[PDB]
């Protein structure tokens, strides 16, 4: 009953085509984080990559200017009861 979900997910720096996001780590042993991003508008493909568990920021690049993106973060964490499992996502919206 300790949350594996990160908190306080926010954009801290933006260019027209890139974002710098940061989150607060959940109080568990995160192996890596999964970051996903797609255009909030409809059926654009959502893309993802990993960031190592020590890191708690991630740059997203290659975006289109003045487009609304949905950014989502969740964890691959070790817990005693679950071994390696995935947290639920935390999600923000941001417009380049």
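By rigid core we mean the largest C-alpha set that fits within 1.5 Å across both forms. Positions refer to the first chain, counted from 1.
With 58-66 and 36-44 as candidates, the stretch whose CA atoms show the greater average offset from this form in 6 other deposited structures of this protein after a core fit is 36-44. Per the PDB record, of the two stretches 58-66 and 41-49, 41-49 carries the greater mean B-factor over its C-alpha atoms.
Among all modelled residues in this chain, the alpha-carbon of residue 27 has a temperature factor (C-alpha) in the highest third.
Remark: residue 14 belongs to the lowest third of its chain, ranked by C-alpha B-factor as recorded.
Ranked within its chain, residue 90 lands in the lowest third, by CA B factor from the PDB record.
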